Amino acid sequence: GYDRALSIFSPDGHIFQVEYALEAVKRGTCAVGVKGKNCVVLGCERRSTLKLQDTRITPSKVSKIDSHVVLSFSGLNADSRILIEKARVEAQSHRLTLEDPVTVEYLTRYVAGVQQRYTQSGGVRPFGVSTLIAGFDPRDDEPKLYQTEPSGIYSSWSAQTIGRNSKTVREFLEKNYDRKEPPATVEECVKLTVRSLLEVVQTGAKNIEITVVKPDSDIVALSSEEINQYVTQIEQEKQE
Amino acid sequence: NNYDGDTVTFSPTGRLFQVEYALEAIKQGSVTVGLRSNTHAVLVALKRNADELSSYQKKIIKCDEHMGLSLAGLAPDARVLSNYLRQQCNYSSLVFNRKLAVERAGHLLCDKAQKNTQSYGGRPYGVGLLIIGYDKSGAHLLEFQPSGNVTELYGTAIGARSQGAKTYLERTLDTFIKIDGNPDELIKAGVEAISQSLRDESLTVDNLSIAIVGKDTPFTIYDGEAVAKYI
Amino acid sequence: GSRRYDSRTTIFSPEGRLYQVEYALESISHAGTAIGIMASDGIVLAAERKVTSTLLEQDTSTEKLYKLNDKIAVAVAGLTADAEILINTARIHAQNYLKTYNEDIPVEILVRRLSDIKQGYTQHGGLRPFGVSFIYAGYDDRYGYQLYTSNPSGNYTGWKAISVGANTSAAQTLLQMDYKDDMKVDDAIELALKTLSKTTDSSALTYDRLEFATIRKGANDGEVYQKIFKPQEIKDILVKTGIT
Amino acid sequence: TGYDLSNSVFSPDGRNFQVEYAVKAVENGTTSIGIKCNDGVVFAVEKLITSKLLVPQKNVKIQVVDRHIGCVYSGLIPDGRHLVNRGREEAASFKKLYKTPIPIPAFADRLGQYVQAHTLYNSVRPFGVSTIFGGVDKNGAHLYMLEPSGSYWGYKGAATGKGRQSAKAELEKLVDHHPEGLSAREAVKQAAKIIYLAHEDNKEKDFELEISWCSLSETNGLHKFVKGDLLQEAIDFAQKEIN
Amino acid sequence: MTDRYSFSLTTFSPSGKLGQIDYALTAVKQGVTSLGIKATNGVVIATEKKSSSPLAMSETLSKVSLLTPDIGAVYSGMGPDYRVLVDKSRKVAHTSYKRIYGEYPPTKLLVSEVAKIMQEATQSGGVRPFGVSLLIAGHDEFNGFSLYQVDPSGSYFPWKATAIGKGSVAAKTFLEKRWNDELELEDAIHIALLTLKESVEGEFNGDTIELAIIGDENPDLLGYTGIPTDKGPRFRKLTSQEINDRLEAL
Amino acid sequence: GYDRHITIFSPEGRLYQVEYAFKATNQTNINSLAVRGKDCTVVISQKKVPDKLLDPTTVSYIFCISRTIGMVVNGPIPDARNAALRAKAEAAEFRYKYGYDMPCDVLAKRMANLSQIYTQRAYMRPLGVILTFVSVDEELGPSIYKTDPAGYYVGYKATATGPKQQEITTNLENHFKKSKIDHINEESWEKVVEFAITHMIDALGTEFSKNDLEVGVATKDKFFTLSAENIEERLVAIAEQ
Amino acid sequence: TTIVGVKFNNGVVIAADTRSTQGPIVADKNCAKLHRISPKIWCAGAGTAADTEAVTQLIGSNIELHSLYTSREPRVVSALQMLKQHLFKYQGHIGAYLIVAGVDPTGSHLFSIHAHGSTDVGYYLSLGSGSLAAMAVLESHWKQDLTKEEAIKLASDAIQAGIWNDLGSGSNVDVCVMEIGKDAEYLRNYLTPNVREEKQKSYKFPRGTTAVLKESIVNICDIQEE
Amino acid sequence: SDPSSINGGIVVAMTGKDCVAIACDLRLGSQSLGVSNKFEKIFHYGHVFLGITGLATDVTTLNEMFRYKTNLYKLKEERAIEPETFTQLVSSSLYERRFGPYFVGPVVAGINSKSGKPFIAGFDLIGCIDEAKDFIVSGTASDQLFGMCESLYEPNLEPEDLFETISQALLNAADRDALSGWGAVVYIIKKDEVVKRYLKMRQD
Ligand SMILES: [Cl-]
Ligand SMILES: [Mg+2]
Ligand SMILES: [Mg+2]
Ligand SMILES: [Mg+2]
């Protein structure tokens, strides 16, 4: 079998294949995650270079791993499917053996472990994907939001963004998100998430996707018109 | 130069550079001495610390009741090779009810090291070993190089500044070979030998490591206050 | 040893791109143009054969349009031999699904499977990727008529109208201009042929340089029919739409 | 260029440079010889005394295969040991299936094919030894010499190592002056002389002589080391000839 | 040992070219000319027996090979590569078809299997592509007579008539002027001999030309009688004498 | 320029490692010749023993593959013996599996197929040898089939191999142009060997002693090599007319 | 089953009955037991019918490939060697008992083969449940230097003995003649001594005799256009 | 215990003038217990019809397997498989499980679309082909079917006469078998029309 060590150290102590995988993430469409007091919202950018697209059937950017956990990503689309499939299989395996669904932290730790493994295994390249994993632990009402990256490191975030121009939207979130008082309602959380994407997106039309996850497996994706109403209200307050 | 990228490549003059580079790791290692009489065989090793808070790296490894070695170079490679010797000594005892001859132990180490010098993907071992033992033909001392070359000697030294100890043993040859039935005097000769390789530093109580095997003496290692008697 | 001669087909560039995928896409841009258009009452697949000869036996020839099952077909752009390897795998997957569940495979599930196979060749194995882009035209009872595309990276997306191969930039602009949502198959047939006629590198668009197919519910009552057009039938539709 | 960086690559000449570089390692080694006598073979080798600390007579170089074959080699000593280990496996499997001990020509090809196999791929390195070997079988005495390329022939006398040119000239004199043949005891004496004469190419350090033999009359066709009085007698004969 | 070349030796260059396939096609271009013509009641395939030495017996070297009783093959390019492909093609006709369906494969599907083998030598680890282009002629009940070309890439195309190798460009032009859909087999053989003469320098006779047909069933070549449905092979290699007879009416 | 190190195509569609293996073929500086009689096939080859320390009886490039098949090799001895061992194994296996002796042309094809694989697979190098197989086949009669590093093989009326193959080839060509038959019209193999040696002497322009040649003869149901004294008898007959 | 093989002047003949059974029930009354391995190598099989049929086609397939590889017409000894080694490997679990006969460049040959892998040579052989009846006839009338006409007569007489006396055998006699320098002639139903007599009554029913619940047209055509 | 008689059932096929007929009962049982009266044992792939008796799980599995294989055949060959070819495919597929076989008794029936010739064939569980010209029988009442067919059958029956013959052969054979019955179906097959008829019979 093909055994070649593709991920190796350089004289300055860097693993370039892992670092170049991050550059693929930088190219991917922007993704953002914001947790409120009783919810988490995942926002995603859709590049409008592709029209004549069939939006019914085109792969959506946010994926359910289980009924209570979701995963979004920035980077190589094909690579992300492999991580999503593995995560979905592990979620069902956990239910089968432990008789309890995965915690958001456990599912994050698994996906991050897979990513790390692909950085010191022979004959494979790292995943060109960073992920945002969000949801609620079984029988728990505390919101959860985690991030993973090609190297395999992971951590919890009050709010985070990944992908192209994520430096800009992180700037926005760092001055607009207060830890002592997070977005108390679904409305406030969605509004702050749409606002953060409007710093980067272009037209607020079919370029913004929003998914709301609440406790007890309550997950719903907002439609074009519902998001369009947030886009409208934000700029009418801005004209002042 | 263009011929040192892997162990599977001869140079135009017939040299194997990866093996020569592995030999270089031994020269960077701390000094260790081996010598024997007709009744006993002795190892003396200068242990190296990282700093003043750190411990002194152990240099001597027991392989059986009648055999053991000292190392100089990559310590993990010595652990792999000493583990192999432990297994081979053990196979001989379990299957044949026979203590493994020191000479045969040398042959086995040679062949194990050789396979890593002729194949792609692998690397040579980066450690030198001094094996002492007492078997059915008396006391023995062996020197192992990761090129595969194993040599039986009266005395020797490997590591940094080992040339000073080796010359001393070459002078003292006729004296220390006759030290029969006196373990303390044979160790004294070994401690005096390793002293010819010291600069700036001297032999302290946590610096010195000594091992001995003989006629009615199982392979035993002395460290700490057990070597203060010889300082 | 052998490392010396390894091209390392599955590595990132400093910019985070996959060399071999990018170069395989460059190869595909020289292949004959294939177009897919989705309407309310069916799907059209149109594709241009590459500079042919008068001595080529056209009526027994197939290089562009392939049947995967009775409900799903593909248009090919790239290395034909590479495509046939993947096509046979896709045909087997469809039959595996039919045997397991006793239902025809949903279009997206087949597309995802082939796309995952392409992805694997970019991440492990040290082999070159498949130099192929597909347009998938299909029908199932969940989403109805569907168009997808996949490329050597293993990424796939859904479309109302799409082109692959040569001159996709020009073709996609022309499709974006004249496509409407309430369009019908007969209108889509005309759009596909008009677009190829304008984007082609040949002097004129004739029957012997085309492969054509429709997927219609124009099959007697609630069922779907695939129609791979014959050379004479392509000649007739060219006259009907006023191109020859 | 670059044809010499990888094993099994033909140069534009039709040469395998990696095999030619292995020969350089052989030429760098100590002198070893073989003499075919009336009813057997004699092997001898030069052992350089690097230091007084080397235990005399202990670091044995000549190796036995089965009970009737002797092997000696010049170059990388570990490579030679690896080849003898394989030879011992080949001889064991032959005797297992066919009962009779392996004939010398049969044994020669087994080593030859194995050494040749290490010139077919870039994943392995050629052997850095030339091996002189032989013994007695049902058809009489046989002496062979095997090179890094896998090439081997039968010999009346053979030599390899740093002092091979000197040794070869001495062997050629014996062939000319004895068309009828040489006795086993004569061959031991002559082998001692030739190693002593060949030691001029390695004159810096002193050396230790090591001799072995297989003879139908003298050793019953078994390989034995020359020891004690017979070794000293050969050393005396050798020392007398150099003075 | 072990084959440590588990990686592709054919890869895409920045321009999108697969170098090793292009170079294989160059080797085919240097090869001796071979051709194929399809008639209404048969197919003919032909090539020159370029003998390497006059001391060599060129009858012992077969450039035109029977794959099945109704399918034959000819090549241009590297002879040894062709020989092993014929061995593999003969075997795959049995293992992947005859041992399953109890009958020989149709021409298009055997061609498909040969193409697959040639495609894999273009992607698999530690191998180069085959340096040949094949012309495969055959007949089967439901498809009738057919002629296919297979290239180093694994791509295959059906032809009414074509040529490959040295003088293919000139030969294909010659065939375009002469071919029609009303040709009888004897007319196609005549055209084949005319076309092949242009690319041949030296001797042009039955001993220097190799020619075979896919035509009528040959019950005389079956080797047994008694089964009405078995009527014999449609592949037949023309003799030296049979070629020379048609060179007088040339 | 790694297309010159392994067996992949150069931009001209060439395999350089195969071409360089053909050059290794002439490294021994030995010429061989093969001809067919009515009932036999004869192969002769030059024998050179440059060292006096060598045992001349062990220096040989002719091999007895099976009872019926003989093989002469042009190229270095390690690769020659590699090919010899394999050919012997293949011939023995064939007889076991299919119940009859492996034909000369079939063995040649098999070894040619093996050679072809080395030109296509990167990890294996070509063998730097040309193999000439000879026999009296039970179906085809006297047979000469020759294999090379490219994987090419063909039957021969007669053939020659080595540095001076062209001189021998042209000499043989001219004889068969006169006689207008595909073989040496002679009853005994002794006279066919005499023909072979005579025409090699003519072509090379050199005289031979009994130790300068090596001869193999194939008859119905056996292949054998001649001793030095058998060759001497052959040389005496040539000189006496 | 009764199968025989008989050598003659310039070749060999094999013959067989045409009854195949499932316990005491006759499954097929006109079975074909003479198989072709190659144009001029034929064999007849007794035992497990699927095994004789399968092992014949496998070896026949490999024989064809071997013939193409070697550019030589197949030999009977090759078919024999390949059959016995295959059957020995499966230790009798493949229940094929065969009589193999044919002509090739070496001459004419006749062998038999038993499921465990043992082979036999002979001028006359018989296999199957009716082999003892057949061998009785062969031992009574066989002589050296039989003509083609005499060998066909002897072979069919031996099969008849099996047909009439063995319950495992019946119906018709099939023959195949393989002569040197000629095409093998397969004579299907060479003898037909067991035609059923006309029945006493016709059992054709009046139309409408069978009670029917439902009728419907079955769509065997593919999905239609328009 | 005997796998071929756990579930029960029968299939019969016959040839006529320019036509073929294939018929089966509808019972599925667990030994003495009747479980289903709608278990049809005849399937079709294009114009080729396949009846299967024996262990019901294997009947279902083999139908799914031959649908799988004939679908791939059609995609590659660009034509529907013929009865003669399909017969060889059934034989090949059964023999590949020589030492772990499907416990079934398949029956093929159909008309060759090019020659127009009527075709029937039968197999044992391990692949041996029975290519009769007249009739083929299979199942737990095969003895009874052999008796009916041998007396009732005559060659060159017209389609509507062949229907009566095969129907009476099935019905009366099934009524002498405990594990067969509970309904019956008859297919009458012509070159381009196939009629399917369900028969009225005793339900014990
Ligand atoms: Cl082969
Ligand atoms: Mg190669
Ligand atoms: Mg009943
Ligand atoms: Mg009842």
Side-chain angles (χ1 to χ4, degrees), chain E residues 19-37 44-53 56 58 61-65 67 72-89 111 114-115 117-118 121-122 128-137 147-157 159 161-175 192 195-204 208-212, chain F residues 7-16 18-19 22 112 115-116 119-120 148-154:
Chain E
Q20 284 295 311
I21 293 176
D22 291 347
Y23 306 157
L25 280 162
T26 302
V28 173
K29 272 270 90 185
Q30 311 315 128
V32 170
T33 311
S34 59
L35 51 84
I37 306 169
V44 53
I45 45 169
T47 188
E48 174 184 19
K49 277 196 277 181
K50 176 96 161 181
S51 192
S52 296
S53 177
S58 55
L61 212 170
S62 218
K63 294 187 78 188
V64 182
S65 303
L67 303 186
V74 73
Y75 82 103
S76 291
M78 293 166 66
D81 283 19
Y82 167 72
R83 194 180 58 251
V84 300
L85 276 168
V86 170
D87 291 331
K88 293 173 197 288
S89 301
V111 167
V114 183
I117 291 162
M118 294 175 76
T122 259
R128 59 159 180 83
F130 289 91
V132 300
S133 281
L134 305 175
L135 292 179
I136 295 164
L147 171 69
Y148 288 88
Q149 179 184 337
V150 191
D151 280 351
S153 66
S155 293
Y156 61 94
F157 336 88
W159 292 97
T162 191
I164 48 165
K166 218 180 191 78
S168 59
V169 176
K172 285 206 293 290
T173 314
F174 193 95
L175 293 168
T195 313
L196 200 61
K197 190 182 280 193
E198 301 303 317
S199 61
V200 169
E201 265 95 54
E203 297 284 68
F204 192 75
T208 60
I209 299 305
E210 207 166 331
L211 197 150
Chain F
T7 52
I8 58 166
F9 287 113
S10 72
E12 344 302 328
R14 287 164 62 171
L15 301 175
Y16 281 106
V18 174
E19 292 179 10
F22 270 94
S115 288
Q116 187 285 150
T119 72
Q120 187 157 208
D148 61 33
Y152 170 92
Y153 93 105
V154 71

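Keep in mind that the numbers below use all heavy atoms, side chains included, and drop hydrogens, waters and symmetry copies. Chain naming here is simple, since letters A, B, ... match the order of the sequence lines and numbering starts at 1 in each.
You'll find the side chain of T119(F) stays beyond 4.5 Å of the side chain of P80(E), heavy atoms only. Put simply, the side chain of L147(E) reaches to within 4.5 Å of the side chain of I45(E), judged on heavy atoms. Taking 4.5 Å as the limit, some side-chain heavy atom of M118(E) sits within range of a side-chain heavy atom of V132(E). Counting heavy atoms from C-beta on, the side chains of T7(F) and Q120(F) never come closer than 4.5 Å. Put simply, the side chain of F22(F) does not reach to within 4.5 Å of the side chain of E19(F), judged on heavy atoms. Contact of the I8(F) side chain with the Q20(E) side chain is registered, since non-hydrogen atoms from C-beta on lie closer than 4.5 Å.
Counting all heavy atoms, side chain and backbone alike, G13(F) lies closest to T26(E) at N-CG2, 4.2 Å. Residue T33(E) comes nearest to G167(E) through the heavy atom pair OG1-N, 3.1 Å, listed as atom of the first residue, atom of the second, then distance. Between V28(E) and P152(E) the shortest heavy-atom distance is CG2-CG, 4.2 Å. Closest of all the heavy-atom pairs between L67(E) and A73(E) is CD1-CB, 3.9 Å.
One finds the CG atom of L15(F) at 5.0 Å from the CZ atom of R128(E) (value rounded to the nearest 0.5 Å). Atom CD in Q116(F) sits 9.5 Å away from atom CG in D87(E) (nearest 0.5 Å). From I209(E), atom CD1 reaches atom NZ of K49(E) across 9.0 Å, with rounding to the nearest 0.5 Å. Distance NZ/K50(E) to OG1/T208(E): 11.5 Å, rounded to 0.5 Å. Rounded to the nearest 0.5 Å, atoms NZ (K29(E)) and CD (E12(F)) are 15.5 Å apart. We find the OG-OH distance between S133(E) and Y156(E) to be 15.5 Å, quoted to the nearest 0.5 Å.
Ring centers of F9(F) and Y23(E): at least 6.0 Å apart, outside the cut-off.
Applying the ring pair (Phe, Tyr, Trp, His ring centres under 6.0 Å) criterion to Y153(F), with sequence neighbours excluded, gives no partner residue. Every residue meeting the side chain to side chain contact (heavy atoms under 4.5 Å, CB included) condition with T162(E), not counting sequence neighbours, appears here in chain and number order: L135(E), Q149(E), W159(E), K172(E). With sequence neighbours excluded, no residue forms a ring pair (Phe, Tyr, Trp, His ring centres under 6.0 Å) with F130(E). Residues passing the side chain to side chain contact (heavy atoms under 4.5 Å, CB included) test with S155(E), sequence neighbours excluded: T80(C), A81(C), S153(E), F157(E). Legend: residues meeting side chain to side chain contact (heavy atoms under 4.5 Å, CB included) with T47(E), ordered by chain and number and at least two apart, are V32(E), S34(E), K63(E), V64(E), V74(E), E210(E). Under the side chain to side chain contact (heavy atoms under 4.5 Å, CB included) criterion, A171(E) pairs with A163(E), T195(E), sequence neighbours left out.
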